[PDB]
Structure formats: C-alpha cells, structure tokens
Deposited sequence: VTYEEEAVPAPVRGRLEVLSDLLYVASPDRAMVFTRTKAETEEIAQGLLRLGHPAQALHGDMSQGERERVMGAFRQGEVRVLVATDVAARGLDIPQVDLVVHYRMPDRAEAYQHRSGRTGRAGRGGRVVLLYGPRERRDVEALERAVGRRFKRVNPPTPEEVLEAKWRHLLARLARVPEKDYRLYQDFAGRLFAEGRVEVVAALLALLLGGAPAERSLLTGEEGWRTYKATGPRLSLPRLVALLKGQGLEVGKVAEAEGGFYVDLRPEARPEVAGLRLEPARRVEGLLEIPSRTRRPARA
C-alpha cells in the first residue's frame, strides 16, 4: 500500500461542510468523492459548487456521451472535484487522483479497496453518528488501522479560502483588472475597508454555523468536561445551577462531552471546560 488513510470524525449533518473544509485545506489538484446512492452525488456535487468548488456528479443515468465531457473537464483541470457512486466509478476511463473521500463508508471492504486504490496519494473516511465500530470493522476487513485525524479548524479553513482566492487573483490579465483600477482606487482613497471585507464574504461564502460535534446540529458548541467524581447528573446540575442551556451530553474519555450555546461562557468552580 502506497497511500495514507485517515478517518476524520464528522457528524452526519455538518458533513457536506466538513467535506468542503478539507478540499480547501488540502488543495488537491484532483479529488474523487464516493457516496452510496445515485441521488446523493448530484445532491453533494451541487453543494460544493455552492461552496466555491469546481465539482460535478456521476451516477449511472450517464450516457456514454455525457460522461466523457465530464472526464475531459476533470483531468484537464476544469472540474477539480468528482462525486460518484461505486458503479459509475468502474471503467478504464477513470483518471488517477490526489484525494479520495468516503462520504458514506463502503458497504463492503472490496468497495473500499476499489474506491481508495484510485489514488502516493490520500484517502479519507467520513464517520460521525458513532459509526466508530463500523469504521474499526472496515479496518478489520481491510486489516488496516486508519489514523484518526481532526477536521480542519474554521481558522485553518479561512486561511485556505484566502490562499486559494489569492492564487486565483494572480490569474487575471492586467486588461481585465485594469478595467476596475478606478473603482478599486475609489475604495483605497476613502479607506472603505468594511466594503472590501463585504467583497471577500461574497466570494468566500461568509459565516459558518456553530454546529455541535455530537449531533451535527447548529446552535451548539460541543465541549470537553472533566471533574472530581463528575457523573452526568452532577456535571448537568452544575451547569443548570449556572442557569445554562444544556444539550446533547454524552460520555467522553476522561470526562463528558456537553453541548452549550455558542454564546454562553462557562466558568463552574472546580470543573474544567474546554471546547473540542
């Protein structure tokens, strides 16, 4: 084996978004994103374009003619990301890529090998809804231990957008951009830095939701909580005593995980609270 495998934890809700973070943060020249069903490919493919990613889908209602253009654009560099099923994937007409992402893990360890094999390069599995056992079953089937890796921090992501956004800027002919050298001039003059920020948002897709890492649900910030003889009821009574809103509490390694609101600020005596 000559590729690195990674299991990235991602709830079944923020997944699409985790996918996008990873694409920006790795800057693969070519990616392939394997899902389960035909329906999901267009679903996912649409939302990556939506998220600034050059992506197109691939399912089985593809006629030979409208499958080849796809592949042409993909290899050349026009579409940097391809979203497919295990079926529309096979064929000697399929490029080599930098990254494979298992959006929905392989329904068997033969479909993992044919999926990942297409890459040395990099392979990433998305799991969240506590698919953890399904993951280590794959590892048993496959006989490999996928290194667990953290998804990119929001900060990591932004420097990535920016970085991509810059390289993209350096691609604009002087004729194109000189056309706007007046308006850009107007801005710098009047020091309209807020306006420029707005511009960036328009391109980089602005504010992400604060999502829980236990439920993929928004309006939550997942935490790590450890404390003396701290069991759920206690941890919970301590938080409710501070008049907080408590969501998904689950048991962690050396403590509990506990969603609190994105805004709430947690200082409970004796109890040690960090985000995850």
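Judged by missing C-alpha atoms, the gaps in the deposited chain sequence fall at residues 120-124, 282-300, listed in sequence order.
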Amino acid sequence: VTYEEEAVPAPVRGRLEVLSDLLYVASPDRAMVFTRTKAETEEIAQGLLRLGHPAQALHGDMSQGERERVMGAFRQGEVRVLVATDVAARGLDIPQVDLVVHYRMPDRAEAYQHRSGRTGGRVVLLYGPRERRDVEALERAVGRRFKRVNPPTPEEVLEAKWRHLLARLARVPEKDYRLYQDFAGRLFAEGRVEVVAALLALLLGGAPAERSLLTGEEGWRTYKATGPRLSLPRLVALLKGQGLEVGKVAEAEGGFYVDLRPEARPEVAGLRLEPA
From here on, numbers count along this sequence of modelled residues.
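A summary of the deposited B-factors shows that, of 107-115 and 67-75, the stretch with the larger mean C-alpha value is 67-75. Mean CA temperature factor is higher for 245-253 when stretches 245-253 and 23-31 are set side by side in the entry.
Of all the options 129, 185, 151, 206, the entry's greatest CA B-factor is assigned to 129. Residue 161: CA B factor in the lowest third of modelled residues in this chain (values from the PDB entry). The PDB entry assigns residue 259 a C-alpha temperature factor belonging to the middle third of its chain's modelled residues.
When all modelled residues of the chain are sorted by CA temperature factor, residue 97 is found within the middle third. Ranked within its chain, residue 236 lands in the lowest third, by CA B factor from the PDB record. Per-chain ranking of the deposited C-alpha B factor places residue 142 in the lowest third.
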